[PDB]
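Novice: Here it is, the structure, as structure tokens.
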Amino acid sequence: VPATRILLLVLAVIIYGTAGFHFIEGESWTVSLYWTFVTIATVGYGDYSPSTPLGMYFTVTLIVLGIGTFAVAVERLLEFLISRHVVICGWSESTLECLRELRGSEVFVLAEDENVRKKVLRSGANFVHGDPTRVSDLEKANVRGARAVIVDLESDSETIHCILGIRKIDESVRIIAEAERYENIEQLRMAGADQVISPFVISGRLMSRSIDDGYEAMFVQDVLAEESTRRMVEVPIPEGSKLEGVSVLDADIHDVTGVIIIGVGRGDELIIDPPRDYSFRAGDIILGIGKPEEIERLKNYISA
Amino acid sequence: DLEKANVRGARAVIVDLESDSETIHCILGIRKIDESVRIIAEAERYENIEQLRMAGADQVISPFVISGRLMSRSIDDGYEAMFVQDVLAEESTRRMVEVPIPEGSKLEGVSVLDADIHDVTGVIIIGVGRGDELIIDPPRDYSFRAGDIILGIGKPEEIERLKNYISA
Amino acid sequence: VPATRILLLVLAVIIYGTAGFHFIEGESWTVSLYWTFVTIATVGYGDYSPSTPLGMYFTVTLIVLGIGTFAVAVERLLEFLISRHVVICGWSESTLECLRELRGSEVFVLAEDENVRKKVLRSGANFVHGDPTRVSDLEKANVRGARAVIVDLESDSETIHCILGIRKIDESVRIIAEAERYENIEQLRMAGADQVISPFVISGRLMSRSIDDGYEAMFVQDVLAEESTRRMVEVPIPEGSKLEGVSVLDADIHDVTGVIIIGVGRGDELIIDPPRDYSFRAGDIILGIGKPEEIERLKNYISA
Amino acid sequence: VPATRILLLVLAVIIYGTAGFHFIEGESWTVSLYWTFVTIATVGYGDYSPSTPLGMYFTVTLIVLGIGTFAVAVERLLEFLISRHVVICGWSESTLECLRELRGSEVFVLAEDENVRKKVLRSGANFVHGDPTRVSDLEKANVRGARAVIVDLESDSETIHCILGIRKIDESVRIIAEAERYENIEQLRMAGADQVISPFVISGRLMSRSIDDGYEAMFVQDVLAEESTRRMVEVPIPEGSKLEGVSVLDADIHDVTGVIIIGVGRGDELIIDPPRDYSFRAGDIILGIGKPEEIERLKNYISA
Amino acid sequence: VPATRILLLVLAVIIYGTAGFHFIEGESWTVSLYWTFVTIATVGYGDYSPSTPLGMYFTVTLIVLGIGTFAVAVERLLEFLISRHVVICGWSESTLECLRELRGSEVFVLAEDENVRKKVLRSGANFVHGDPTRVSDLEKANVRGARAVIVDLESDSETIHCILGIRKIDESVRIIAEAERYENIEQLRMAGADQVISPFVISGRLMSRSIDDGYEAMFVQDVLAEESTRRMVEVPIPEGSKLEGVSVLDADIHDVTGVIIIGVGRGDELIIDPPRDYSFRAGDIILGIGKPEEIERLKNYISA
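Right, here's the structure in full:
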């Protein structure tokens, strides 16, 4: 029942009780109003009470009509008196291990199951119930002001139908999708995902190199772990550095610092093992592997 | 039904079944038949890696951990997922390879600093594998051994210049 | 618990308390009745109270037996104190977009599934749980008083069965049905339906006419949307108009008003592009397209 | 919370309040007990109240510890305060029409669905939730002291598994089963059903006689209806009748009464169209068809 | 609403009421506090009440602001006031008849389904919802303290996975497992199970031995039922017995006691029908069949 209607009903009871007590028992309007509240709240001090048979009958009627009405009114009154985030669409094992790396940031999880609510709240992420393919249930998860959206749904048709729903809300957020089949890598880039991570093509191409020597699958599963002794970090070249225009052979990063320069990224292209005559600029993101004792040595060497 | 598929005469068994409990049970069935064959498993959950490796699998590739680590690292910049998914594809410009150190090579006892493999050849030495361990970014005082495996990234004509530089 | 049983239980408590207080404490029947209400409502003025050990014990028994009973009774009492309609048989994707245009009126959605109770109540419709093929469940949904009944069920066998069930309840109501196959258009219409709307024959012909140029499909889906500029409206010719007896060539409605006379309908037929010799009569309905400023210029044109 | 634990908790509050008021305020044990009930029920007559600071503090503690406890206790108490039969195992359309002719008797219905509870209580039969194939859930429906048990389950395997569960409880009740296939008529008689009613063999043998003339299927569906003019009733021959030893030709029932003697049943065998030299006895049940004006004429002719 | 916030809200009401009554009506701080509790709890003794118009208005405000707040507070308070064990992994038909002989002890049934919560709680066991293959859900069920763990899961692949998960939590606990296929008896036993019980190999051999005469299957299913006359019991040989060093031929246990010595077991092996030269030692366990009057005649026989 709308709160305002309950308000009118309790006011009507108050008028009924106050006028009745005033006319039947002859007490002042103020005393009668006070008696009405004391009675319908069931306080019943007994400083005022009916002394006539008509007043007794009237009081029983007020008790029956008023106590329930007042109770509902007080409970309704109770109610009125009393960088950015990342959004994860869907819940699977690939997003469970993504949630371990994101304990410092605040994470919303948009999934349509109800049984998964105990797994999300244990990991430290707010759960938003809803269907991620719907634009109305994507706006509940604050897709519009997010840092990145991570889409991992059950199939590749729903992952595409969710990427196109996010691009309808805003065309500036970063979508990171996951492909289940190899053939749908190019459909998930046309829909609008910025980075497509196909895990069964990485896994299937590590189970074919591990037949003779398993060193390719031992390197990949180790440099991604933050508990390892070496880490793969991206070091950006700041504006006004000492290396703008300097080639890779003239820089000699591995001799002076101790990191291994396995690639240089400019914009959204990556050149693994860049050639000797590659000229640096300001804005190129250096992808390297080194100890943490060597990483701040690299930032102090390229600093302004 | 394993001995139908010639597990005794095989050189590698690749176990990838519908759940993680069936992958341990199939690994336990292979080790009863041939105790020295090379099993390459696939873990679904992260906590089952030490059980698949205790039950007998030599190499355990867990795809939902490599994908979970590459998702959370691609929020700011995705150059670490563009590195992993490009050195593995055999249609790419540069290949990640393994070369073995032959017996009687030119680099017996030679350290990695005075070898200067990136300057001489052009290949990127990201690790030297000895036996059943891999040392990513080995230090400057690391001395070689005849029988090592050098893991590297380089252009396909820079790899033939690496094998002729480590030749006997 | 049925409300009437709760009524009897509270009356029994009232008799018990009143008789007990009267006999044990010696107060009048009226005072005893009043005391019983004051006590079981938990008001407790204290103008009357037991003064004997037996009365004290009795009062504790009345408190235990009566307070809960009275509480349940007042809450049950609360519930009873606190053009025509349209009936929609079946819930689907055709009757969902029909319900958005029928806002403001009373709509009763008769559906077999209980899962659909949340979507019906969200869109502003009263849900009536039942099977729409049962004659005893159509009468529950108040079909006989309605102004139109909209039938859209799972198959065309259940749509004829729901149409035949309405034709014996009320043989005058307006039934709108939805055909799924083209063979059943003349079968649903003979069994009683006043308007048969087949969505797969409209969309089957709009897909074979959009191959060359899709202007046939843009005209149909824009004159029905009630958020565009032009609106396909229909105005009736009243008795004693200025056009009761003129031909279409001499009336010349498009120049003097600005609407487009796509068709006129007399009775239960429609004449699209009426010829110049067509004499306008009284009671005719002019189907037209125009801006809503041009519709008011046509409505005053056809007046007395 | 188990009801008995709530009982202990409220008793503990009562002891606490009574002892406290007695010792702190010096009232008798009886007055103190009464005051405790009046207070924790929130009645608060004020005939007794604390007059010392310690008593005031104590009373606030009793209010906080006792009012909620008493409220939960009264609501739990609410719950506890607030020939023979026939039992029907399973709910289908054949038992729905059986329930229409059993409105004078009391009927239990043992079905495992919960959605069917609204259909059973409308028809005037008590619903017992449970699986009818279990002996523990058959004893809840009072199979042991029933007049007849009527088994109509989804298949013929469960109908057999339910007949053998009833015969484990008692081997004297009358089981009336229904066969779904013709081949399982002899299995349902070996399990223990006294009468097997196979409806699809009656229906399949009436749809093959109704091709030429539909008079066989018009006779069967009419004499079973109690709204018909003629009815098929079984008239037993009492002990000490005027017809013992009399043949059918010497009796001439159709000449003197007007009923049609279509069979005579002795025990559990029926002889349709009995021969001329069939000698009557006492105990033979006469199966006849006649008007109700002719039936009491037949009982007055065979009477003692 | 968090319980602590409700606490603050009710404290604020208490301060408001107490200060108001003290200043407006002039009663002491203690009386004012008491009056506030009596009023917001709706007790209303009436020993204290406002006697001024301002006090009456104030009291109505306290009634409206305080009664609901106090009610919510007491209900929240309600919530805060109100050998070793055996773990059973999985719920099936083997662990249901195991649970009936484990009455009296603590049993924790770790099961994935939530449907089985009613059957576990009915039979006298604590239900622990979890997946029994997860090491984090075995430790939740308190496996490390237990005296035995009984594993009976859906397949033999999940039974080895649950056995391997216990062997790293506790490498000393007693695991009893159930094999489904005959090939996995030596596979479950090597992975850690202390006793492998295969029900389809016992029942496979009792069905091929009941063709000629079924006395082999009547011996097995009668010496295990704990309601028959004879009971297969096992008694241990204590230190300093009268038989520590005698052969079986000279001990002659069957004549002097009345039990049948079907086998004796030393350590982790069993010798069925031990020969006459078998020298009894200390610590041996004598597996025997006999009436419970004969078992006490054997237990005193093997004493000091």
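Chains as they are written, first to last, in PDB author numbering: chain B, 18 to 99, 115 to 336; chain F, 169 to 336; chain A, 18 to 99, 115 to 336; chain D, 18 to 99, 115 to 336; chain C, 18 to 99, 115 to 336.
Note that CB positions come from ideal geometry on N, CA and C, so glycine has one too.
1) Taking the alpha carbon of C/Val-267 as the reference point, which residue from C/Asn-332, C/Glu-133 and C/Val-152 has its own alpha carbon closest?
2) Could you name the residues of chain A that C/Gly-63 contacts, counting a contact when the two beta carbons are closer than 8 Å?
3) Of all the residues that make up the stretch 50-61 of chain B, which are near chain C by a beta-carbon distance shorter than 8 Å?
4) Do C/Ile-317 and C/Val-291 count as a contact pair if the criterion is CB distance below 8 Å?
5) Compile a chain-ordered list of the residues in the stretch 31-48 of chain C whose CB is closer than 8 Å to at least one CB of chain D.
6) Rounding to the nearest angstrom, what Cα-Cα distance links C/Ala-88 and A/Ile-23 in this structure?
7) Go ahead and pull the three-state DSSP assignment for D/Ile-269.
8) From B/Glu-258 to C/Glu-133, what does the alpha carbon distance come to, in whole angstroms?
9) What first and last residue would you give for the beta strand (DSSP E) that runs through B/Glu-301?
10) From C/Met-222 to D/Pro-231, what does the alpha carbon distance come to, in whole angstroms?
11) If you drop the 5 nearest sequence neighbours on each side, which residues of the same chain put their C-beta closer than 8 Å to that of C/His-117?
12) In chain order, what are the residue ranges of uninterrupted beta strand (DSSP E) at least 3 long that sit wholly in the stretch 221-285 of chain A?
13) B/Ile-294 touches chain F at which residues, Cβ-Cβ below 8 Å?
14) Under 8 Å between C-beta atoms, does C/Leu-196 make it to chain F?
15) Could you tell me which of C/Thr-47, C/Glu-326 and C/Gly-277 sits nearest to C/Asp-287, measuring between CA atoms?
16) So, with DSSP's three-state summary, where would you put A/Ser-187?
17) Under DSSP, the alpha helix (DSSP H) around B/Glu-129 begins and ends at which residues?
18) Thinking C-beta only, is B/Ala-249 closer than 8 Å to F/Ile-229?
19) Taking DSSP's pairing of strands, which residues face A/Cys-121 in a bridge?
20) Quick check on C/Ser-66 - is its C-beta less than 8 Å from some C-beta in chain B?
21) For a cutoff of 8 Å on Cβ pairs, would you count A/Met-239 as touching chain D?
22) Going along chain C, which residues have a C-beta under 9 Å from F/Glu-215?
23) Which of the three DSSP states is assigned to D/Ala-29 in this structure?
24) Which residues in the same chain as D/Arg-313 place their Cβ atom closer than 8 Å to its Cβ, once the five residues preceding and following it in sequence are excluded?
25) Just verifying my parser: in three-state terms, what is the DSSP assignment at D/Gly-72?
26) If we count Cβ pairs, one from each stretch, closer than 8 Å, do we get three or more for the stretch 118-130 of chain A versus the stretch 41-59 of chain A?
27) Could you list which residues in chain C have their beta carbon closer than 9 Å to that of B/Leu-94, in chain order?
28) Considering only C-alpha positions, which residue in the set C/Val-280, C/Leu-79 and C/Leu-302 is nearest to C/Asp-309?
29) May I ask you to report which of helix, strand or coil DSSP gives D/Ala-314?
30) In or out: C/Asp-64 buried (at least 16 other Cβ within 10 Å) or exposed?
31) Please check if any C-beta of chain D sits within less than 8 Å of the C-beta of A/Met-222.
32) Could you tell me whether the stretch 202-209 of chain B touches the stretch 154-166 of chain B, where touching means 3 or more Cβ pairs closer than 8 Å?
33) Whole angstroms is fine: what's the gap from C/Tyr-51's alpha carbon to A/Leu-71's?
34) Per the DSSP calculation, F/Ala-209 is bridged to which residue(s)?
35) What does D/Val-91 reach in chain A if we use C-beta pairs closer than 7 Å?
36) So for C/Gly-85, helix, strand or coil by DSSP?
Specialist: Checking against the coordinates, here is how it stands:
1) C/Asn-332
2) Under the 8 Å cutoff, chain A gives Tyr-62 and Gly-63.
3) Per Cβ criterion, the list reads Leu-50, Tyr-51, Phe-54, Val-55, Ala-58, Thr-59, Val-60 and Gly-61.
4) no
5) Cβ contacts with chain D: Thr-47 and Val-48.
6) 25 Å
7) coil
8) The straight-line gap from Cα to Cα measures roughly 51 Å.
9) 301-304
10) 60 Å
11) Here the set comprises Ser-137, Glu-138, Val-139, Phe-140, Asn-174, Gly-177, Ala-178 and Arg-179.
12) Complete beta strand (DSSP E) runs here, min 3: 227-229 and 263-268.
13) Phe-251, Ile-292, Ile-294 and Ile-321
14) Yes, C/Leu-196 lies at the interface with chain F (some Cβ there is under 8 Å from its Cβ).
15) C/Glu-326
16) Here DSSP, grouped into helix, strand and coil, assigns A/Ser-187 to coil.
17) Segment 125-133, the alpha helix (DSSP H) holding B/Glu-129.
18) Taking 8 Å as the Cβ cut-off, F/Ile-229 and B/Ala-249 qualify as a contacting pair.
19) A/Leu-142 and A/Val-183
20) Yes, its Cβ sits closer than 8 Å to a Cβ of chain B.
21) With 8 Å as the cut-off, A/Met-239 does not count as an interface residue toward chain D.
22) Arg-166, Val-167 and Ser-168
23) helix
24) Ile-269, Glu-276, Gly-277 and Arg-298
25) Here DSSP, grouped into helix, strand and coil, assigns D/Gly-72 to helix.
26) no
27) For B/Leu-94, the chain C residues whose Cβ falls inside 9 Å of its Cβ are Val-81, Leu-82 and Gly-85, in order along the chain.
28) C/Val-280
29) coil
30) buried
31) no
32) Taking 8 Å as the limit for Cβ pairs, the verdict is that the stretch 154-166 of chain B does not touch the stretch 202-209 of chain B.
33) A direct Cα-Cα distance of roughly 30 Å separates C/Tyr-51 from A/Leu-71.
34) Beta-bridge pairing links F/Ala-209 to F/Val-228.
35) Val-81, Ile-84 and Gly-85
36) DSSP places C/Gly-85 in helix when its eight states are reduced to three.
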